[PDB]
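Quick notes on the structure that follows.
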Amino acid sequence: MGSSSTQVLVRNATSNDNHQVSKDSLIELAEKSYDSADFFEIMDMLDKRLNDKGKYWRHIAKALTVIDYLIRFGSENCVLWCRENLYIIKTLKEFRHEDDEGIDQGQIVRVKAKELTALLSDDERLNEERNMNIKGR
């Protein structure tokens, strides 16, 4: 316990309410990724969320949404981190979860993981997104 404001930001942005991440949160997390202390707290909490159990699949989905935004709008260090920690992302391409209503929620995790890894393989695409999004990279 005892959180920096960045830690509260990233936790709130990846919490187990609904899988949709606020635009507010994403913009602030991308801005904060350029700060050294913030970057590590952001990436470490994101790693924890990704590693959560199936019941908390919303933690995983939202973490992946945050990671996608970060590599598209955040510090180059976010891309670096992903490549160093690609394994957890890649395994999530096959994550599975059916909820108590019989709904395939795991497909949400799988699509986000598959998008992120596809993007990370597509240097042309990621480079142009980042040039476009980041003034002046």
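Each value in this text was obtained by applying a stated rule to the coordinates, not by laboratory testing. Because the Cβ atoms are built from the backbone with ideal geometry, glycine has one as well, and the counts that use them run over all protein chains shown.
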Quiz item: Where a ≥ b ≥ c are the square roots of the eigenvalues of the C-alpha gyration tensor, would you call the range 53-113 rounded, which needs a/c under 1.5, or, failing that, prolate if a/b is larger than b/c, or oblate?
Solution: prolate
Quiz item: If we count every other residue with Cβ under 11 angstrom of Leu9's Cβ, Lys/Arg +1 and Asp/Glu -1, where does the sum land?
Solution: -3
Quiz item: Residue by residue, what Karplus-based ³J(HN,Hα) values in Hz, rounded to whole numbers, does the range 104-109 have, using 6.51, -1.76 and 1.60 with θ = phi - 60° and x for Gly and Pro?
Solution: 6, 7, x, 4, 5, 4
Quiz prompt | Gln20/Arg137 FRET efficiency (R0 25 Å; Cβ-Cβ; nearest 0.05) | solution = 0.30
Quiz prompt | Pairwise Cα inverse-distance average, inverted: Kirkwood Rh of the chain (Å) | solution = 15.1 Å
Quiz item: For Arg83 and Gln107 in one chain, what is 0.36 nm times their gap in residues minus the Cα-Cα distance, to one decimal in nm?
Solution: 6.3 nm
